[PDB]
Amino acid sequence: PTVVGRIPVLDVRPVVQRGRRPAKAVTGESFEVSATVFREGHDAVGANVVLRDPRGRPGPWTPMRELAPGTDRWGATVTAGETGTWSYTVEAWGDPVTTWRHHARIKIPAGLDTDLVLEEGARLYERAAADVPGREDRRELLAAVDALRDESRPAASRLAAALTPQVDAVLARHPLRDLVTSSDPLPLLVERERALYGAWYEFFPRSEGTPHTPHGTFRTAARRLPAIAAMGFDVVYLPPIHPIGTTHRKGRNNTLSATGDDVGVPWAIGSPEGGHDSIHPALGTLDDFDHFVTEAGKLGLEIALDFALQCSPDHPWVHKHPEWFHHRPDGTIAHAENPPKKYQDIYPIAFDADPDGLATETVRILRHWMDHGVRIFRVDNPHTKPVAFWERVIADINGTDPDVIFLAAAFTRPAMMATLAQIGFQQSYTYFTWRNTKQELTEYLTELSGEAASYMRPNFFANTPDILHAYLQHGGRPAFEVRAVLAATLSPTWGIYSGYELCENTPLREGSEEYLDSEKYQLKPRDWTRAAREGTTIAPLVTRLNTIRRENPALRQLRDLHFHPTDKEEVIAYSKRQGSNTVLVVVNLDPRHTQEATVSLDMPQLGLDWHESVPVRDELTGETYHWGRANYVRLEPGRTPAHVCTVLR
């Protein structure tokens, strides 16, 4: 054998860990398959992509084209259908017909060996007619052959009866392919839509209580579901819903000692009342939780539970499974860390005494919540448990229930982030919150929509309970408006944590990214009705952004994204496309000062002529503009954070 085939087809992308892990897509998503294709000598090559479904059935005729001249890099867009494990192949081939046309264009006019050239022609077109399975098509070609060999017609007459648009059509569909050479198949995992596209809202059920009973239940917190659905959200992420430990319970504002009333941190999971398969008694029963899930579902909301593989000192596991913890010479267990942060209320799990026991128990727990309608898990600190443990766990869960989605909350270095996504995590948190300037956003979104999109699906939370960026702190409401526009338009999945709507931005101290009086360590009742009444919420903008995403397919995908130059540091501009839907966004990143700029659009990228003018509608205002290659914009913080425009087609 030989590594290289007759016509070289090499370095097929996408590829993840050299073929050992699947590339990713979701139902309905288009992406580029590419390859290096070329041949010996000067004759033309062609190439096509053969995408195959889980039962092995090939997709449609999908020809490729060289992506830039002289590079020998070929590409074509493919689209994924039903969920499951697909494969894709690039077929490369000599294209004698393009070759002969190239020569027949020059030699026939300038006079050289004409009878010979046309007869070389007729034999190609005759070989073309055999592989063609339709009879009306086949006759269209045998007409060109007889016209090529008809020596009573002059030279340019016999030539041009082979170069009609009528014949182009047949050969564009069934071309003559020499020396078909095939790459080895690469794997593609196609998952459900929600893996890539959705809006997420995080809240603490315990905060939504009553005057007589401050600690909310599932029954009381259900009253927020209608409002969350009215904002356009699809997923509700709940922090841990299990009993909370008492030993070393943290107090308000992350203090070491709890008072009597203090509720502790949901992440300090476990007490005598139960562990990860239990409900905090103050939240209600498993029955109340089913009713919450049922109400959520009737409003089009899925529930995502936090899975945090750690324990308070009171978790049953501490006595039932001591071997799942590292003990020091004196018997004690070191509390968890993530420096310079210390988690004095919890123990980390050790995996090397009993990995099998731990995988078995973990998938048992997940299967429990899956039985009760939870098909999404937000996995806490996955980067502090082994990578292979998650690879096993996710493989096991998806083996039986491929619809389950796991989101890696991996705020960590790039290698681990990438690796977690590559071993099966459906979505990932990202560096979004720490990308605020134009350069930062452009660089990073260029990275996420590029190569990374074959293994990572980003979830852009503009805030979290642990992340209030200095941009939001210093810039106030105009800043919240900017980051929501940015989050919802740059990623097909975005989210907020309750209170973002109210522009809560008081930090614990200057230089921190923690909230003052954080909800992690206390009940936090909010006057939602008063904020609506007095207009001190951005819930309308949030609602509007989700409607725009729901109405424009371009915003429900990731990979088609392009940045257009403006002439101000503070004004950034980008576009996204999907079929006939084009969305064009311009954002002022200055939350204190009005900016005016000229956005110089890159018209070929919008599928347009440079000299063209096209109507757009700002979906944030309903106002219509006429824009082309060079457009004045004026953006005033408070009043207009951005223009979010559809191209009227």
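The first residue of the sequence shown is number 1, and the count goes up from there.
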item	value
Stretch with the greater mean C-alpha B-factor as recorded in the entry, comparing 432 to 440 against 148 to 156	148 to 156
Higher-B stretch (mean Cα B-factor, as the entry records it), 263 to 271 or 128 to 136	128 to 136
Selection from 48, 600, 30, 36 [criterion: highest C-alpha temperature factor in the record]	600
Options 384, 518, 498, 114 - largest CA temperature factor per the record	114
Third assignment of residue 199 from its chain's C-alpha B-factors	highest
Modelled-residue ranking by C-alpha temperature factor, third containing residue 289	middle
Ranked against its chain, the third holding the CA B-factor of residue 450	middle
Position of residue 26 among the chain's modelled residues by C-alpha B-factor, lowest, middle or highest third	lowest
CA B-factor ranking of residue 639, expressed as a third of its chain	highest
